[PDB]
Amino acid sequence: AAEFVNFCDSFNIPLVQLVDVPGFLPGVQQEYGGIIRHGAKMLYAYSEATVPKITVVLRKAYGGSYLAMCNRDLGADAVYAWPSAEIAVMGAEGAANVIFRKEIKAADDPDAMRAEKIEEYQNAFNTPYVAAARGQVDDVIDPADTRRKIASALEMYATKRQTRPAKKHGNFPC
Amino acid sequence: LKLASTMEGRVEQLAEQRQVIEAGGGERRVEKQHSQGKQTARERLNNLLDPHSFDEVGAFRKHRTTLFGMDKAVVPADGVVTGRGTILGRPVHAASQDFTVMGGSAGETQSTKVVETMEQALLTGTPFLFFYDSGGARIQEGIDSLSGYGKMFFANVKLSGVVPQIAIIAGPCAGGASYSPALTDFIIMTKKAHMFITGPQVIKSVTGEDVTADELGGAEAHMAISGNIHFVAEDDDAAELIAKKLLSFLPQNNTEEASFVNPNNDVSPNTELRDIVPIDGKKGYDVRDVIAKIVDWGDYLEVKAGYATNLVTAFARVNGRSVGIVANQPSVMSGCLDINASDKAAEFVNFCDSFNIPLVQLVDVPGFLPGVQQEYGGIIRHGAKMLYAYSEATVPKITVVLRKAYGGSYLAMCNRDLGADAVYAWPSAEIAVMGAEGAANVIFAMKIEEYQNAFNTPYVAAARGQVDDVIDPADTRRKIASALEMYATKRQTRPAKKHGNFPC
Amino acid sequence: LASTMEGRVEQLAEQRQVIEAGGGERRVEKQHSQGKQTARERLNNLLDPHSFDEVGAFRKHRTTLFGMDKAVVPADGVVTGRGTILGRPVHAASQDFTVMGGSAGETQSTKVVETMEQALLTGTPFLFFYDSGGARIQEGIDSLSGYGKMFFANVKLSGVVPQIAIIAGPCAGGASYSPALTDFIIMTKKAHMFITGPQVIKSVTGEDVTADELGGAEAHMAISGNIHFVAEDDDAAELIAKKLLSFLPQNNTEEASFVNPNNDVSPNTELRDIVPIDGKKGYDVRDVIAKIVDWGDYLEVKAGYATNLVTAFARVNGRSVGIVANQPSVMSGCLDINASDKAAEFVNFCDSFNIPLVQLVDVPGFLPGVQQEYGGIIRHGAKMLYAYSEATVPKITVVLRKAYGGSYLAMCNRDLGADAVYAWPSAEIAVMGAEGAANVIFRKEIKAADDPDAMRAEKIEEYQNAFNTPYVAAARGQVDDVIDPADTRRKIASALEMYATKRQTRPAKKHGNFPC
Amino acid sequence: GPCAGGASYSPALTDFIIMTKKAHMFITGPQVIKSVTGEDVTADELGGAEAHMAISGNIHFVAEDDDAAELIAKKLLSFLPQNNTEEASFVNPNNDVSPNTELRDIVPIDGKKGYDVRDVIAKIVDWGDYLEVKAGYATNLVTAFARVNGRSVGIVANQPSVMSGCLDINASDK
């Protein structure tokens, strides 16, 4: 991803992201292989890129892997969420289990409470509407309009002129 | 909070409130932090910065989140202490994550305080240092915590190559939070810290592997295996010392060359250098002994000392000037360059170039590490990083060929074609497109010697202009010193571009 | 939510329709009953059909105190996005008065700033319809910070992309500073604007004033000098916005696209008769303007403010030009504090956006008056000299008649950088009127003359002929040529054509010190 | 001395006008004004230094005479750089930034009570030294040059003791 992003940026080619990522691949070898410095390349490439960057979240958009797919914080000029978009810092189930660990354990009926808290977390953070509420996405869109949304964003950002701090070059992760 | 009734009373109330904020998560949690051999967030800043230089921003800054108990949670400084101070009189900006406050979780506002501090560093052209100590995202804040990380990552990249960024991992650094340190220039990790993208729980649940936090991402793991960090520190005290030593070699920002420090202007011959490199190619040595006799006071700060030890990268000084030394380590894997060493060198070269630090190469490389996994691991694209970094670099590049300099690995060590400004060959230098045998073997009882003398002697390299001179090893320091003096005014023009295509 | 994508898509349409309904049926009917369009109708009418691409319809405030935690505030009261106007990409914002009175929510201001930043980033104009009862008190300092961010953004965009403010409802308190920081304010007769309202003013000063008298469109136009166009209603404001925009480039890197050029520059002998030879007689300088600009078309700026000076956008051979002309039919064409501001602002704006400046000069001096001195005519008139001196666009000056002292310099003569200066045969460039001059320099001679009256007339005529004819101005090089009024359009057109490739630079500086 | 008519515009275009009490300035003089408007005003009431300072807002310093004007010019110049490429040279730096508890008492807790903001300024600037600009115009706002650790700084401060510290048209220009 990083090499492609860097190249496109070098030659003024806009970048369009289609996101459906559940996170980074769990594995001792991913960690020992330096996923930290390798994954950082995507964050660096997108953060450094100044060509128009358009992102469409199709479905899953979890943690750092969603940031790596260039969200607004990484400079995406336009971000759209399909109704199935699930941008989240963590799944509702896992989040509810931790947040309400105590409440659930001590509850007379854990199952009812847990499911209760999960749906609560789910609706509080992980729907397209919350991502839109926070401005993380420009709009929640009908999947059928995706081409138009991207096309319109590309047309408006065809005149994008973005400044970067002066430097010989940043320090691209190795 | 209701304001007091008198100004003196409000001043007392202010001091009381500030003491509360400064208490972080409380005596118990602070004692817990201490019992773990860790300093608190504020102690770290106090030990890192010059006495009383810490000017804090946002002590009273508070999260704005309200869901899932945040509305009633008291979270001092939102878990991060940020501000400006000086290190040896040099202005710097810093952040120090407070694990005692909600486990140092990345609150939205917390990340915002950090980004703001970073923007300040960028705005004023000063270094930025960050002590990381966090249990991860603040799940209670959902996507707000997530967005905070994004803003921080973008900021790390914005400051990249503009002002030095040093990360100090002194506790947990769980999850994507780790990408921030990855985006800074140097990570100093203590033996009490751990870092990873996916933790043991998820790794166990998903892959069935049950490993500990330390085995997965302890300091030793990141240094030797992962290649993620640049220094391992015994504890916070040592990390702070390293941070200061490291910073001493760096300029405040990319518009300056680092200030000279305790220059040793003596460049007289040192015959000791003639004896470190064995005339017998089969015998190795510690290239750092060569470095030690070349640099001022024999002082150097080795970067990534425990990673890809077949290649040494270290900051040192010549006549007080910071320089970056890249040297093949013949005592490890025969000094062969490999995937990991290529990354180690490239990152160092790129960084030095970004901050106007001249690069000094000590060459003794037989070639790249032969191996199927090296090819399958992409030695082609990884090794290309060295060629790219050096070819792209415009700082003075001084290369001394100590012994072996074979094929592509020699080019990767920055010869004149890659822009080295001065290249010197020791009497033991063996610059070859290929070794005497194998070359004659391929070209042709009967020829190896004929080939060896016709191409691989220091004098042939000199005859072709590939080295400027063949030198008495004892004069290495003076030749490097003189070259650095002359090229201190080097102004090399490069084609305009947003950036080149650095190999991944 | 729904189980199928189709279901979720219908759910999305339903929720969007709810957001678009704003404050609801009754509040919308109330808005309409007040002769006002809704926030969404305004964008739908300003922008090319269906071109509006909305950002943040689902954006929500994050504030929770004092009811905000439960309040449903659609789009946080501002509709923002991009669209096109005659195919030109533009960014726009439209405050929704039906949503919490269009109060300036923190998130609302952020949405506006974000849109402004997009306009800056893409180099497109930014238009904003204001309709707000004020700060969102429930959000306290968060609403306050929102305003600061907006003001900083208006300044950031200033001189980079044109900013057009359309006040189409209330715009109370400090909120008014945003429009003040844009380039042009078009205010409808339904709107009101002021820093301090009638209530506070009464409580504090005892002064009795209605909202309409204090901050209605007419008061701002004619008295305060705060706005550029008065619109009958939203439909008219929308037409004005488009008309104004048609003269402007997308940003400061371009010159405005030519529109419907009339390339004919035939003489028009009627021009010889508009300006009376009799200096004590006036005329409407717009009659001169009408005969020299393409199709007689011009859009006067601040038409109802300081009418002693006319500033208007027009075209010559299709090219946008800014015309600055003294109005002899008003206050004898004297410049004064207000006209100085009116002129300087227009000159400064045209310069920022590469619009040539054409001056039609007939000025006898500055308005005499103790309040003109006390009001600081020195520092205000200096604004014209500064704006013209700093300006680098082509500056073409035609001296129709009087051009006295500093007022003439303020109308951009050659010394202030005019690239071409033409004098009609009636031009009277003088450091001082002949009568005043002769009475001063020949005071002793006239007084000691046998016939002081004949002597004065003789000296006045001598001074007049020695310095104040267009031939002496031409003799000294102050004008390029003395021209037949009938050829004015061609002369101006030709000068604009030759100076179309003018490249002029200024000394490096953050900025000069523009007079306050 | 006199500075009659359009000549006044040159001083208006400079940065600071120091006007002696022996000088007069105006675009139109009392004569012409009397003729055209019938208004009665003396040269001194119309364009003397105090009128320009307090009414018109045209000048920055009122000087008793030439010796005083010369001292003010030197004092003013001492805070300024030679040109826009430099920061003014430091002058007699006072590096003591020890706390001064008196500052806790200058501003009344009672919002209805005013004070002279310059008492606050005097305690925070080097040696209590400051050169007030337009000292007699829009006194509801103070603008003064001073130094902190020898560095020239411009201080803008509301003056609660004048019109409750409200900003107004004139103070905004000032």
Side-chain angles (χ1 to χ4, degrees), chain A residues 14 20 50-54 57-59 72-73 75-87 92 119 122-164, chain C residues 1-16 18-19 50-62 72-76 80-84 87-91 106-108 110-111 113-115 117-125 160-161 250-254:
Chain A
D20 196 349
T50 52
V51 287
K53 293 171 280 175
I54 312 304
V57 184
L58 306 178
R59 199 161 61 163
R72 199 183 309 290
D73 301 305
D77 298 291
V79 189
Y80 301 102
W82 272 22
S84 46
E86 184 161 276
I87 295 160
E119 176 73 319
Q122 180 59 30
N123 300 325
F125 294 123
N126 303 355
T127 72
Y129 300 98
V130 179
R134 302 300 293 108
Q136 282 185 41
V137 297
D138 290 21
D139 192 12
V140 180
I141 69 173
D142 172 355
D145 300 324
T146 301
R147 178 177 161 78
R148 178 171 58 81
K149 287 297 168 180
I150 293 170
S152 295
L154 288 169
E155 169 60 20
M156 174 47 92
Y157 285 98
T159 59
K160 172 185 185 183
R161 279 167 43 173
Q162 183 162 259
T163 65
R164 289 256 88 200
Chain C
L1 57 179
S3 170
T4 61
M5 188 61 88
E6 284 69 20
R8 280 171 173 169
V9 162
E10 291 165 356
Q11 168 180 70
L12 175 61
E14 292 167 357
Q15 301 190 206
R16 189 186 305 293
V18 171
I19 292 297
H50 208 70
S51 69
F52 187 53
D53 187 337
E54 183 175 10
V55 171
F58 290 103
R59 185 72 171 273
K60 296 179 184 177
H61 61 285
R62 69 185 283 79
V72 176
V73 193
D76 209 37
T80 57
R82 43 190 168 69
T84 55
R88 300 166 53 176
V90 303
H91 284 78
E106 173 193 30
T107 294
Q108 175 189 113
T110 297
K111 290 183 57 172
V113 173
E114 270 151 20
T115 303
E117 291 287 3
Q118 300 321 297
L120 177 65
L121 185 65
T122 57
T124 74
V160 188
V161 295
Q250 287 295 89
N251 59 65
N252 69 8
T253 68
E254 319 171 316

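Worth knowing before you read on, the calculation uses all heavy atoms, side chains too, and leaves out hydrogens, waters and symmetry mates. Letters A, B, ... are given to chains in the order of the sequence lines, protein chains preceding strands, and every chain is numbered from 1.
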Return the minimal non-hydrogen interatomic distance between A:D139 and C:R16, and the atom names on each side. OD1-NH1, 3.0 Å
Segment of C:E54 engaging chain A (4.5 angstrom heavy-atom cut-off): backbone
Would you say the side chain of A:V137 lies within less than 4.5 Å of the side chain of C:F58, judging by non-hydrogen atoms? no
Minimum side-chain heavy-atom gap C:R8-A:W82 below 4.5 Å: no
When you measure from the side chain of C:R59 to the backbone N and O of A:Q136, does any donor-acceptor pair fall under 3.5 Å? no
Do other residues, nucleotides or ligands put more than 12 heavy atoms under 6.0 Å from the CD atom of A:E155? no
Looking at C:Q15, C:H61, C:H91, which one has more heavy-atom pairs under 4.5 Å with chain A than the rest? C:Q15
Can you tell me which portion of C:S51 sits under 4.5 Å from chain A's heavy atoms? Options are side chain, backbone, both or neither. neither
Select one option (side chain, backbone, both, neither) describing which atoms of C:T124 are under 4.5 Å from chain A's heavy atoms. side chain
Ranking A:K149, A:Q162, A:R134 by heavy-atom pairs under 4.5 Å to chain C gives rank one to A:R134
So which part of A:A153 gets closer than 4.5 Å to some heavy atom of chain C, the side chain, the backbone, both or neither? both
For the student: nearest non-hydrogen atoms of A:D142 and C:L12, plus distance: N-CD2, 3.7 Å
Residues in salt bridge (charged side-chain N to carboxylate O under 4.0 Å, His left out) with C:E117, at least two apart? C:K156
C:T122 and A:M156 have their tightest heavy-atom pair at CG2-O, 3.4 Å
Quick check: closest heavy atoms across A:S152 and C:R82, and the distance to 0.1 Å? O-NH1, 3.4 Å
C:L1 vs A:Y129 side-chain heavy atoms within contact, under 4.5 Å: no
With heavy-atom distances below 4.5 Å as the criterion, would you say the side chains of C:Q11 and A:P83 are in contact? no
When rounded to the nearest 0.5 angstrom, what is the spacing between CZ in A:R72 and CD in C:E114? 6.5 Å
Side chains of A:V130 and C:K60: does their closest heavy-atom pair fall under 4.5 Å? no
Side-chain contact, heavy-atom cut-off 4.5 Å: C:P89 with A:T159? no
